[PDB]
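J.: Protein chains in written order, with PDB author numbering: chain f, 8 to 272; chain b, 7 to 165, 169 to 272; chain a, 16 to 298; chain c, 193 to 233; chain d, 2 to 69. Beta carbons are placed, not taken as given, at the ideal position from N, Cα and C, and that holds for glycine.
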Ligand SMILES: CCCCCCCCCCCCCC(=O)O
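1. Based on the DSSP output, what are the partners of residue 106 of chain f in its beta bridges?
2. My understanding is that residue 112 of chain b touches residue 205 of chain b, with C-beta atoms under 8 Å, so please give their C-beta distance in whole angstroms.
3. Residue 127 of chain a: beta carbon under 7 Å from a heavy atom of ligand 1?
4. If you pair each beta-carbon of the region 74 to 84 of chain f with each one of the region 219 to 230 of chain f, do three or more pairs fall below 8 Å?
5. Give, in chain order, every residue of the region 194 to 222 of chain c whose Cβ lies closer than 9 Å to some Cβ of chain a.
6. On the DSSP bridge list, what partners appear for residue 259 of chain a?
7. Report yes or no: is there a C-beta of chain f within less than 8 Å of the C-beta of residue 65 of chain d?
8. Is residue 345 of chain a near ligand 1 - that is, is its Cβ less than 7 Å away from at least one heavy atom of it?
9. Could one say the Cβ of residue 222 of chain a lies closer than 8 Å to chain b's Cβ atoms, at least one of them?
10. Got a sec: which bits of the region 65 to 88 of chain b sit with their beta carbon under 8 Å from any beta carbon on chain a, in order along the chain?
11. Based on the DSSP secondary-structure assignment, which residues constitute the bridge partners of residue 121 of chain b?
12. Any heavy atom of ligand 1 inside 7 Å of the beta-carbon of residue 9 of chain b?
13. Does the distance from the C-beta atom of residue 115 of chain a to that of residue 245 of chain a stay below 8 Å?
14. Comparing alpha-carbon positions, which option in f/59, f/235, f/22, f/134 lies nearest residue 168 of chain f?
15. Please confirm whether residue 198 of chain f and residue 122 of chain f have their CB atoms less than 8 Å apart.
16. Considering only their Cβ atoms, is the gap separating residue 196 of chain b from residue 29 of chain b smaller than 8 Å?
17. Who are the neighbours of residue 129 of chain b on chain a, taking C-beta pairs under 9 Å?
18. Specify, as a first and last residue, the run of the beta strand (DSSP E) that residue 86 of chain a falls within.
19. Got a sec: does ligand 1 put a non-hydrogen atom nearer than 7 Å to the Cβ of residue 194 of chain a?
20. Could you round the C-beta distance between residue 126 of chain a and residue 190 of chain a to whole angstroms and report it? I think they count as a contact, below 8 Å.
21. When the Cα of residue 218 of chain f is compared with those of f/44, f/13, f/21, which residue comes out closest?
22. Quick check: does the Cβ of residue 176 of chain a come within less than 7 Å of any heavy atom belonging to ligand 1?
23. Looking only at its own chain, which residues have a Cβ that is under 6 Å from the Cβ of residue 114 of chain f, when we skip the five neighbours before and after it?
24. Starting from residue 154 of chain a, trace the beta strand (DSSP E) in both directions and tell me its first and last residue.
25. DSSP three-state label for residue 111 of chain f, please.
26. Quick check on residue 217 of chain a: does DSSP put it in helix, strand or coil?
27. For residue 170 of chain f, does the three-state DSSP call read helix, strand or coil?
28. If you follow the alpha helix (DSSP H) that residue 14 of chain b is in, where does it begin and where does it stop?
29. Given a cut-off of 8 Å, decide if residue 89 of chain a and residue 243 of chain a are closer than it, judged by their beta-carbon atoms.
30. For a test of your reading of the model: does the CB of residue 76 of chain a fall under 7 Å from any non-hydrogen atom of ligand 1? Yes or no.
31. Got a sec: does ligand 1 put a non-hydrogen atom nearer than 7 Å to the Cβ of residue 32 of chain a?
32. Show which residues of chain c have a CB atom less than 7 Å away from the CB atom of residue 119 of chain b.
33. What does residue 54 of chain a reach in chain d if we use C-beta pairs closer than 8 Å?
34. Measure from the C-beta of residue 35 of chain d to each C-beta in chain a and report whether the shortest distance is under 8 Å.
35. Ligand 1 and residue 104 of chain a: does the residue's C-beta get closer than 7 Å to at least one heavy atom of that ligand?
36. Select from the region 25 to 51 of chain b all residues with a C-beta closer than 8 Å to any C-beta belonging to chain d, and list them in chain order.
Okay, here's the thing in structure tokens:
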């Protein structure tokens with residue numbers, strides 16, 4: 008027979024194995040698919056890479072300390088320089104993709120703590136100034152693979168234009184005014200260190216359009232929260248890494264133009 | 007109904023071995039020991055088939071796995087020469103043939119690490135520890151009994170210290186790199202997952218049957234592949250116990266008991 | 016016409032999200048990993064027409080190798096009469112390339128093709144007229160009498176195989192059927208030729224260890240059959256062997272270090288087969 | 193390293209792994225040459 | 002009493018099919034009665050790698066965990 012805990016995910020030129028996963032989630036019960044002719048918007052001849060963009064990429068790792076309040080990513084953004092997925096989103100005006108999101112975090116049996124991994128469509132976050140609304144720079148809004156962080160202090164500045172262009176990423180309100188305890192409405196999986204060392208979520212493209220412009224819109228974001236604190240009891244300050252590995256799937260593009268080169272720092 | 011490859015019960019004669027944690031079992035070359043067929047036989051004398059008397063497991067003296075150990079050496083029909091009826095029959099009969107079940111045992115806690123490769127080598131011929139003459143080893147040193155011998159990591163040939174084997178670990182005692190030891194039927198006791206290994210051994214020779222007092226058709230080699238380690242101490246020790254049974258034992262030609270040079 | 020079997024073809028395959036895990040296994044089991052590219056990456060359909068022809072044991076072994084070189088001296092000097100003929104122990108041991116291939120297996124059974132090659136020159140500073148030479152290669156089975164001299168009676172070869180070669184003709188050649196007493200030749204023998212018994216206890220003197228003590232294939236007695244001439248001829252006789260119709264058993268690794276003699280003995284000056292690498296991360 | 197190796201209390205912090213290499217089923221060779229790894233005088 | 006068999010595909014023989022034409026054949030006659038005198042045996046690619054690469058008593062599957 009086969010266990011539920013043990014699994015192998017293969018896409019493109021890459022494979023991820025795991026021996027401790029709580030199955031896998033297919034958000035809303037649907038798999039990424041290619042656009043059906045009957046729903047297509049553009050009349051351009053689409054580009055459909057098979058095994059170029061559709062491979063797993065590993066994002067820069069983050070560290071889980073007992074003082075972290077969480078981490079976040081905008082999904083298309085976190086893969087913007089990732090080989091061919093990166094190049095195709097900049098060469099084409101339009102693009103669409105689903106994703107396989109795999110989150111990894113090791114701990115020993117003497118460790119405790121839990122990470123909630125949530126995928127939030129349209130993960131819109133609040134500005135960090137009380138003098139303006141819906142105010143955030145392109146650059147701060149789209150940090151890349153680095154992601155961003157959550158805090159537990161709301162310290163807006165109604166006078167400092169620079170800080171006001173950063174997000175007000177409160178952990179308990181998920182950066183947008185919603186209590187985190189209701190985050191569970193979104194597809195999610197929990198990396199409870201006494202149960203799992205990983206989580207996998209399959210993500211369909213979800214939008215009001217069949218296809219959109221990737222340099223403008225982040226279809227989904229990734230939120231990871233320390234639902235339960237990390238502890239080891241054999242140290243004053245334990246630390247374990249968290250690594251997020253992502254593959255686009257059933258990817259297509261249209262609107263070929265000169266490569267887009269966004270404002271950056 | 008809950009059966010698992012992880013556990014096993016091996017019963018031969020009046021001896022049973024149970025295992026809770028092992029990686030299947032190996033049948034070398036895909037073959038089981040069998041008796042000599044009428045179509046392939048040299049001796050004329052009716053054979054002696056001790057059956058259940060000799061076909062039982064015997065336990066060889068254990069050895070300690072130290073963090074400085076380089077390996078252990080046994081010859082198979084030799085290590086059993088003084089063990090029960092199998093031992094007596096090989097001395098009484100000129101010719102003999104047998105297969106074997108080799109079971110290597112090594113328990114450790116979950117907090118210990120290390121690994122032992124267990125290899126069975128047909129014709130395990132070893133180099134001598136002298137440069138004065140080649141192929142020069144005493145009968146006694148080449149046939150240590152259940153005590154076995156050990157591998158070293160240095161070579162210091164003499165110019169009596171010479172008439173013994175130059176048992177280098179990295180060259181398997183014969184000038185052959187150990188990484189290729191895996192060519193031979195083998196199993197690994199990885200303390201992470203197993204506490205034992207089992208290999209079924211067919212009789213292997215260029216002959217149907219041979220003289221056991223002269224020829225060791227199989228040898229047993231155990232090497233650390235990864236060192237023993239335990240956080241609580243610089244000198245953890247884990248005993249390794251080797252348990253062996255003959256299979257399908259057959260003998261031919263009854264003479265006076267052979268008594269080889271002893272010590 | 017029957018097409019020889021090819022090596023494994025690759026089927027096309029797509030992505031996987033299942034509980035099956037071809038990539039994870041155990042080797043503790045004694046088994047090698049069994050994974051192929053279709054188990055870990057997406058693949059295309061490739062038809063494989065390649066065969067393992069050169070890797071067959073017949074192909075691997077089917078090359079003549081020089082095994083030994085014998086030295087014959089045809090001379091008018093009385094002090095060199097004893098060198099007019101020579102005797103060699105038949106073995107493959109003398110040359111590394113052939114014993115190395117044979118030592119990949121513990122046992123083997125084969126027929127043997129032998130070819131001899133003769134080369135001659137004048138070792139002297141003063142060369143001169145010499146008539147064309149003829150050579151005799153006589154096989155002397157174990158237990159058969161050996162010549163004490165080049166003109167001894169044993170050269171009559173009444174019972175022994177003997178091949179005569181006139182210098183300058185095509186190199187002489189013959190086929191020898193498997194002659195082992197056992198049902199295969201053993202390339203290794205972990206044992207003694209004789210069991211020393213209680214009452215004669217010594218360490219030294221046990222020179223009976225290894226296959227070297229139980230293998231006697233006779234000798235090749237090679238003779239110039241010509242009368243001595245005023246100008247000395249020095250002849251090099253190369254002995255070649257080609258195992259054929261070979262079956263092998265119980266594979267073992269090849270030797271990493273240089274051989275010392277007939278057994279498996281190591282040389283203390285040469286037990287270091289690998290090169291140093293600058294670092295584990297070198298590439 | 194992916195993530196990191198995590199070791200619990202009173203457990204060794206220096207681990208080893210053994211790498212192995214082998215041919216796959218889709219594998220062959222084309223032509224013999226003398227081996228460069230051994231010699232004699 | 003000659004035997005006829007098939008030659009290894011040559012340089013201009015572009016069929017990897019190895020079954021095209023009657024021109025890919027060769028004839029062998031044995032001239033000696035002692036079998037040791039005969040030429041090399043016919044190539045035989047029969048193999049059984051499992052004998053050495055997976056000599057496991059119990060059935061092992063690639064997809065199933067090796068240890069269950
Ligand atoms: C007139 C010359 C006839 C020579 C006959 C020589 C017989 C040689 C027997 C085969 C040697 C086998 C060596 C081996 O594989 O160990």
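T.: Concretely, from the data shown:
1. f/210, f/255
2. 7 Å
3. Correct: residue 127 of chain a has its Cβ closer than 7 Å to ligand 1.
4. yes
5. 210, 212, 214, 216, 217, 218, 219, 220, 221, 222
6. In the DSSP assignment, the residues bridged to residue 259 of chain a are a/126.
7. yes
8. The requested residue 345 of chain a does not occur in the structure, where chain a is confined to residues 16 to 298.
9. By the rule that beta-carbons nearer than 8 Å mark a contact, residue 222 of chain a touches chain b.
10. 81
11. b/199, b/235
12. Answer for residue 9 of chain b: no, Cβ out of range of ligand 1.
13. no
14. f/134
15. Yes.
16. yes
17. 121, 122, 201, 202, 203, 204, 205, 206, 226, 265, 267
18. 80 to 89
19. yes
20. 6 Å
21. f/44
22. yes
23. In its chain, beyond the 5 residues on either side, 200, 247 have a beta carbon closer than 6 Å to the beta carbon of residue 114 of chain f.
24. 149 to 155
25. Strand, per DSSP.
26. coil
27. helix
28. Element bounds for residue 14 of chain b: not the alpha helix (DSSP H) but the beta strand (DSSP E), 14 to 18.
29. In this structure, residue 89 of chain a lies closer than 8 Å to residue 243 of chain a by Cβ.
30. no
31. Flag unset: Cβ of residue 32 of chain a not near ligand 1.
32. Near residue 119 of chain b (Cβ distances below 7 Å), the residues of chain c are 204, 207.
33. 63
34. Interface criterion met: the Cβ of residue 35 of chain d is under 8 Å from a Cβ in chain a.
35. no
36. So the close ones are 29, 30, 31, 32, 33, 34, 35, 36.
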